[PDB]
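Everything on this sheet refers to the single structure shown next.
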Amino acid sequence: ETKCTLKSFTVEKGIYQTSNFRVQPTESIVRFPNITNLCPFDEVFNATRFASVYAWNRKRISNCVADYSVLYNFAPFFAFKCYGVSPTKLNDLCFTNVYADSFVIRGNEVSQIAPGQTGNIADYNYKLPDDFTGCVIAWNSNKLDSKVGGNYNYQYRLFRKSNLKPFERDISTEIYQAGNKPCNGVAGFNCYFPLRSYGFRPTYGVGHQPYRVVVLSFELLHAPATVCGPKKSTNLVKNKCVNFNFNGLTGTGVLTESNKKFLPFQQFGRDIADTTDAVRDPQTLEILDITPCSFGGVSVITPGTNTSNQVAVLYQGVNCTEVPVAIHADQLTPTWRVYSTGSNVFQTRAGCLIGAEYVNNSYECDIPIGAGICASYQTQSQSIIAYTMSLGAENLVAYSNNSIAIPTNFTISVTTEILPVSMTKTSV
Amino acid sequence: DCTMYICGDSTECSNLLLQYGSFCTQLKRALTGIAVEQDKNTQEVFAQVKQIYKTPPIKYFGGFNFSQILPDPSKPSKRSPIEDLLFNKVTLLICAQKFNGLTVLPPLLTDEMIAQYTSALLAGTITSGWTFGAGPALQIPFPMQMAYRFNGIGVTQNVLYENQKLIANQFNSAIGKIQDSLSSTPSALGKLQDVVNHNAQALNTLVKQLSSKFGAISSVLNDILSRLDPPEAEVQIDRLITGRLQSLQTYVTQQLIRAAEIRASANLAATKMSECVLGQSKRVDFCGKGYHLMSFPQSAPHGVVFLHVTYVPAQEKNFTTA
Amino acid sequence: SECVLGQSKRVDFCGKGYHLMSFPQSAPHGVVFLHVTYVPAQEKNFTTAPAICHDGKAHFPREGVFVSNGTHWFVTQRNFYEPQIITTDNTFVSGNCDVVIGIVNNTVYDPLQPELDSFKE
Amino acid sequence: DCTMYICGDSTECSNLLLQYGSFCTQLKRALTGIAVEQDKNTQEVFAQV
Ligand SMILES: *[C@@H]1O[C@H](CO)[C@@H](O[C@@H]2O[C@H](CO)[C@@H](O)[C@H](O)[C@H]2NC(C)=O)[C@H](O)[C@H]1NC(C)=O
Ligand SMILES: *[C@@H]1O[C@H](CO)[C@@H](O[C@@H]2O[C@H](CO)[C@@H](O)[C@H](O)[C@H]2NC(C)=O)[C@H](O)[C@H]1NC(C)=O
Ligand SMILES: *[C@@H]1O[C@H](CO)[C@@H](O[C@@H]2O[C@H](CO)[C@@H](O)[C@H](O)[C@H]2NC(C)=O)[C@H](O)[C@H]1NC(C)=O
Ligand SMILES: *[C@@H]1O[C@H](CO)[C@@H](O[C@@H]2O[C@H](CO)[C@@H](O)[C@H](O)[C@H]2NC(C)=O)[C@H](O)[C@H]1NC(C)=O
Ligand SMILES: *[C@@H]1O[C@H](CO)[C@@H](O[C@@H]2O[C@H](CO)[C@@H](O)[C@H](O)[C@H]2NC(C)=O)[C@H](O)[C@H]1NC(C)=O
Ligand SMILES: *[C@@H]1O[C@H](CO)[C@@H](O[C@@H]2O[C@H](CO)[C@@H](O)[C@H](O)[C@H]2NC(C)=O)[C@H](O)[C@H]1NC(C)=O
Ligand SMILES: *[C@@H]1O[C@H](CO)[C@@H](O)[C@H](O)[C@H]1NC(C)=O
Ligand SMILES: *[C@@H]1O[C@H](CO)[C@@H](O)[C@H](O)[C@H]1NC(C)=O
Ligand SMILES: *[C@@H]1O[C@H](CO)[C@@H](O)[C@H](O)[C@H]1NC(C)=O
Ligand SMILES: *[C@@H]1O[C@H](CO)[C@@H](O)[C@H](O)[C@H]1NC(C)=O
Ligand SMILES: *[C@@H]1O[C@H](CO)[C@@H](O)[C@H](O)[C@H]1NC(C)=O
Ligand SMILES: *[C@@H]1O[C@H](CO)[C@@H](O)[C@H](O)[C@H]1NC(C)=O
């Protein structure tokens, strides 16, 4: 691994950093709320006569299973533009609540039901918010929304004072003041009737062919989930690194009971950096701390590959009563796990050291591990030994109030010193 | 760490990051270089003595009082009262948030291994003078060393021998006052606190910046991956990858500049320790204010403290000259 | 500028020990200094006293230090062993003989007195 | 200044910039540090008497 890291076939004496280790989770637990009954979306979808734009209906659905691949049979269409969610993934997500609605318009403005779309057909009739997330469906409804004599049940508004607020419906019918003449009379010049009606005939082609629009609009919030799909619940495990799913909140780690005084309305726990800390069980009323699985870094202390072939491993910043567990049956993030707990395991403030024997001795530091611990390759035939660094040779000076020491001979010596002065010039 | 920070242990995120190339290898190399440099910095300031010297059991220095600075064996750690005050004055949930890859490695030279160096330097500089800077240490009585030090600044040596008691009293009183001077004001140890605050604040702002959106759907990898299909999920997470890479690059650049700043102060401290401590300095206003006499080193969290002993004239009388 | 074109009094700047000389050499993208320095060696320890009292007047050394092998008293330089007889041009007088701690008795030889007493008679 | 440079006193530009996070806080901090340093520089060269 070190040879791969350095992109070379030869390495020199020193300590190198290679990669990280992480105890992968063993099993998974999935807990959902206990949803009862099925809400039929088919009868919700269709109406005997689709309401006009100036007065559109809406239904709010909750407390039922969320199956969404069944609607392909109860409504003909061509697009199924589910922008927010992948259609096949709806069987698992848990939602707060959902809205369903439908209304009939002309085909010239099918793309006008979208965030940021302006114009009289959307500004004064129906405009989406800029952060819409749903499954808009548009169908060319000529077989069921037209008559040879001209179907006249369809209505919209064209004149009004100012733009309407998002998802607001106005059903009043009052003569708009579109001139200097005071519009108090029933009708006349400069007094226009706000409600213009469509005229639909089979002679009309595309564009003017009437269309029907069906909208399912989700809304997601960190609130008690009431809608979720058909997924089976599972049981609970504790104190072991596992995958967990809670109400649609995927995660991985260890779960342990904690003395968190959550108030009844408070549900989640959070801390700095938007990291989830505690979760509330969808079935029982219990609060538990969540802690990420143990991880760390691995370093390789080796002498020169010229000299020998043995190495020693150092796991940084982990108590190595859990490293043998980290050496599991094809579970540890590093592929190699041969070392495991093959004796000569030493504990150090920096981390845990495998492959070297502690010696009650003191030399000069050669390969520095840290916290005053340094290793070397030597005999005791040849092995790796780790020891506490030695500052130097202890000395005692016979200080006294009437003593002096004077030299009687000298020595000339010559030393060397090297200093860089410049670097290679370049141009790009 | 490269991956564990940018990618929340995902699988497709790692493969998408491999496309960008070897950006994070330079980040992993620069931090290692900085760590090696900061381990080497403390090896020059302190490790300048050949051997660990020791003081004699009987402590009497011409009437001078060094009890405030010499190590006291009563404490578990051989640290002088001044060092004990300095350690308490500097103040070293926040660490639990560093589960995203951030780590702090321990220094190579532990604290008592530094206290032993400081004690050795004090013993050498109060027993043998400056002779142990160049060759083997040679014993010499302390008042004679003081006579040499006065002779070094143009004052004849009879001045000391006729005024031993007064100088001893002044030295003792000065040390006594300087012991309280640090504790009186709280802003004496400001640079060291600035160092620790800058490091902590940089780490905190990195961790907080981790949770931004950078114009994406959401700030959590798991939600976006389980929320959309891959062909749009990758488009959504590309912006997150770019933002986090930019944040890491900014962090490492700032750390490089700060390390370059610190190295100059380390070199200056090494020069002062070589010149002021192991000898007498003729440079003006270098080793304290006034004519320089002696110096004493002490250790503090991530730093060194010098006590400069200097000589200053006083009462003046004016005469006629030719 | 400092080590080569002169002598440096800074401690441990131009090499380890008392500085004598330097020589420069060139290397690819750098320079190499050869520092020639001075280091003491064999040590001998003696007894010392800060002052000498002859006639109630202290005698302090001019430049050096007092020393004694056990019987006589000599004055020698600090960095080398070279004893000399304590004459009147090695010492200077300052004060009386009661305000100093550690003073010891001895006789300071006066080169003028016997020379000008033998001739004048 | 953060906003006045990137955003020409607009309103939507400010809201779009808030989503990026706290990039310009460090820019406002570093320049202040430099200004304090350059004010302190002249206090050592001259103010020695
Ligand atoms: C490494 O883990 C072991 C096992 O938990 C620790 O040993 C126990 O540590 C707790 C507190 O950490 C003590 O209360 C127990 O008395 C310890 N038991 C034994 C048998 O030692 C050990 O302390 C951990 N390592 C470090 C450095 O804390
Ligand atoms: C000072 O030391 C030097 C060597 O360090 C001594 O020179 C040696 O003298 C002996 C006796 O003549 C020779 O055998 C050696 O070969 C000399 N060494 C060298 C390097 O030349 C010198 O004698 C010493 N000084 C005194 C006064 O003894
Ligand atoms: C020289 O020798 C020692 C050096 O420390 C000192 O003797 C001590 O003097 C103090 C106070 O004068 C006494 O309390 C100790 O009991 C002495 N130590 C002994 C007697 O072992 C002093 O500086 C000098 N001693 C004399 C006798 O002049
Ligand atoms: C050197 O200074 C120390 C510090 O003041 C002296 O120790 C003090 O002695 C007095 C009187 O016995 C006590 O009240 C203090 O509590 C002591 N302080 C400490 C820190 O122990 C010491 O006596 C002085 N040395 C001499 C020779 O006078
Ligand atoms: C201390 O130094 C004196 C210096 O005079 C030594 O005395 C001389 O010793 C030599 C050795 O035989 C004699 O030839 C001289 O005549 C002596 N000088 C005088 C004036 O009598 C003395 O021997 C030395 N003592 C020790 C222990 O080294
Ligand atoms: C030699 O030194 C001793 C003590 O260091 C001197 O002895 C004292 O000298 C004073 C003044 O002359 C007398 O009042 C004392 O009575 C002396 N005490 C003793 C025990 O002798 C002495 O004067 C010095 N000089 C000589 C020539 O001995
Ligand atoms: C669902 O089943 C659990 C399992 O015992 C039960 O406790 C709960 O009352 C049921 N109903 C709801 C709404 O959770
Ligand atoms: C239209 O809605 C009505 C309402 O009950 C329903 O009976 C009818 O089957 C629907 N027709 C469809 C979905 O084609
Ligand atoms: C390996 O070491 C031997 C002895 O130290 C040396 O002769 C040889 O050149 C080295 N090999 C390489 C490839 O450097
Ligand atoms: C080393 O020291 C430890 C504890 O101090 C002791 O248990 C062990 O026997 C010693 N071994 C040797 C070879 O000194
Ligand atoms: C000393 O200075 C003062 C003014 O500071 C002056 O009055 C006095 O005459 C001076 N001394 C002599 C001896 O001139
Ligand atoms: C010189 O020092 C030694 C111990 O290092 C001591 O035994 C000896 O007595 C000293 N010399 C003299 C003349 O006292």
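What follows draws every value from the coordinates through simple rules; no lab data is involved. Positions of Cβ are generated from backbone atoms using ideal geometry, with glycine treated the same way; all protein chains shown enter the neighbour counts.
Which members of the range B:99-134 meet the condition of being aliphatic (A, V, I, L, M), assigned to a helix (DSSP H, G or I) and either facing another protein chain (nearest Cβ under 7 Å) or more than 23 Å from residue A:387 (Cα to Cα) (or both)?
B:113, B:121, B:122, B:123, B:126, B:134 - these are the residues of the range B:99-134 that are aliphatic (A, V, I, L, M), assigned to a helix (DSSP H, G or I) and either facing another protein chain (nearest Cβ under 7 Å) or more than 23 Å from residue A:387 (Cα to Cα) (or both).
Out of (1) farther than 30 Å from residue C:80 by Cβ; (2) within 14 Å of chain C (Cβ to nearest Cβ), the odd one out for residue A:368 is which?
Residue A:368 satisfies every listed condition except (2).
Every residue, every condition in (1) at negative phi; (2) hydroxyl-bearing (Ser, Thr, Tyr); (3) within 10 Å of chain D (Cβ to nearest Cβ); (4) surrounded by 15 or more Cβ atoms within 10 Å (Cβ to Cβ), yes or no:
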position	(1), (2), (3), (4)
B:183	yes, yes, no, no
B:200	yes, no, no, no
B:208	yes, no, yes, yes
B:216	yes, no, yes, yes
B:221	yes, no, no, yes
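Based on what the data block shows, is residue A:286 under 41 Å from the mean Cα position of the chain (by Cα) and acidic (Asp, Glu)?
So residue A:286 passes the test.
Every residue in the range A:123-148 that is more than 32 Å from the chain's Cα centre (by Cα) and basic (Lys, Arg), please.
Result: A:143, A:147.
Please work out which one of (1) at the interface with chain A (Cβ under 10 Å from one of its Cβ atoms); (2) surrounded by fewer than 15 Cβ atoms within 10 Å (Cβ to Cβ); (3) in contact with a helix residue (DSSP H, G or I) (Cβ under 8 Å, 6 or more places away or on another chain) is the condition residue B:58 fails and give its number.
It is condition (3) that residue B:58 fails.
Could you check the range C:77-95 and list, in sequence order, the residues that are more than 25 Å from residue C:44 (Cα to Cα) and either within 10 Å of another protein chain (Cβ to nearest Cβ) or within 16 Å of ligand 5 (Cβ to nearest atom) (or both)?
Those that are more than 25 Å from residue C:44 (Cα to Cα) and either within 10 Å of another protein chain (Cβ to nearest Cβ) or within 16 Å of ligand 5 (Cβ to nearest atom) (or both): C:92, C:93, C:94, C:95.
Taking residue B:139 as meeting all but one of (1) within 14 Å of chain A (Cβ to nearest Cβ); (2) part of a loop (DSSP other than H, G, I, E, B); (3) exposed (fewer than 15 other Cβ atoms within 10 Å of the Cβ), write down the number of the exception.
(3)
Being within 26 Å of residue B:141 (Cβ to Cβ) and more than 7 Å from every other protein chain (Cβ to nearest Cβ) narrows it down to one residue among C:14, C:53; which is it?
C:53
Among the residues in the range A:385-395, are any within 16 Å of ligand 2 (Cβ to nearest atom) and within 14 Å of chain C (Cβ to nearest Cβ)?
No - not one qualifying residue is present in the range A:385-395.
Just to be sure I understand, how many residues within the range A:313-322 are outside any strand (DSSP E or B) and either within 16 Å of ligand 5 (Cβ to nearest atom) or within 29 Å of the chain's Cα centre (by Cα) (or both)?
Residues flagged as outside any strand (DSSP E or B) and either within 16 Å of ligand 5 (Cβ to nearest atom) or within 29 Å of the chain's Cα centre (by Cα) (or both) within the range A:313-322 amount to 3.
Which of the residues that make up the range D:30-49 are more than 28 Å from residue B:201 (Cβ to Cβ), of a type outside the set (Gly, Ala, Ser) and away from every other protein chain (no Cβ under 12 Å)?
Hits for the range D:30-49 are D:45, D:46.
Can you confirm whether the range A:370-386 contains a residue that is hydrophobic (A, V, I, L, M, F, W, C), surrounded by 13 or more Cβ atoms within 10 Å (Cβ to Cβ), within 16 Å of ligand 1 (Cβ to nearest atom) and within 37 Å of the chain's Cα centre (by Cα)?
For the range A:370-386, residues hydrophobic (A, V, I, L, M, F, W, C), surrounded by 13 or more Cβ atoms within 10 Å (Cβ to Cβ), within 16 Å of ligand 1 (Cβ to nearest atom) and within 37 Å of the chain's Cα centre (by Cα): absent.
Looking at the range A:396-428, which of the residues that are more than 7 Å from chain C (Cβ to nearest Cβ) and under 30 Å from residue C:68 (Cα atoms) is surrounded by the fewest Cβ atoms within 10 Å (Cβ to Cβ)?
Applying the filter and picking the extreme gives A:398.
When you go through (1) surrounded by fewer than 17 Cβ atoms within 10 Å (Cβ to Cβ); (2) assigned to a helix (DSSP H, G or I); (3) over 15 Å from the mean Cα position of the chain (by Cα) one by one for residue B:93, which number turns out not to apply?
Condition (2) is where residue B:93 drops out.
Going by the conditions given, is residue A:295 away from ligand 8 (no atom under 16 Å from the Cβ) and in contact with a helix residue (DSSP H, G or I) (Cβ under 9 Å, 6 or more places away or on another chain)?
So residue A:295 passes the test.
Restrict the check to the range C:63-70 and report whether at least one residue is closer than 18 Å to residue B:147 by Cβ and away from chain A (no Cβ under 11 Å).
Yes, the range C:63-70 contains at least one residue that is closer than 18 Å to residue B:147 by Cβ and away from chain A (no Cβ under 11 Å).
Is it true that some residue in the range A:322-345 is over 28 Å from residue A:270 (Cβ atoms), within 16 Å of ligand 10 (Cβ to nearest atom) and in contact with a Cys (Cβ under 7 Å, 6 or more places away or on another chain)?
Yes, the range A:322-345 has at least one match.
Just checking, does the range A:109-129 include any residue being exposed (fewer than 14 other Cβ atoms within 10 Å of the Cβ) and either farther than 21 Å from residue A:164 by Cα or charged (D, E, K, R) (or both)?
no
Identify the residue in the range C:20-47 that is more than 7 Å from every other protein chain (Cβ to nearest Cβ) and among the polar types (S, T, N, Q) and, among all such residues, is farthest from ligand 8 (Cβ to nearest atom).
C:22
Quick one: which strands (runs of 3 or more DSSP E) lie wholly within the range A:378-428 and hold at least 3 residues that are away from ligand 5 (no atom under 16 Å from the Cβ)?
In the range A:378-428, the matching strands (runs of 3 or more DSSP E) lie at A:383-388, A:410-420.
Return the only residue of B:28, B:50, B:54, B:59 being among the basic types (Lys, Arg), away from ligand 1 (no atom under 16 Å from the Cβ) and within 25 Å of residue B:178 (Cβ to Cβ).
Matching residue, one of B:28, B:50, B:54, B:59: B:59.
Before we move on, is residue B:304 closer than 30 Å to residue B:202 by Cα and assigned to a strand (DSSP E or B)?
yes
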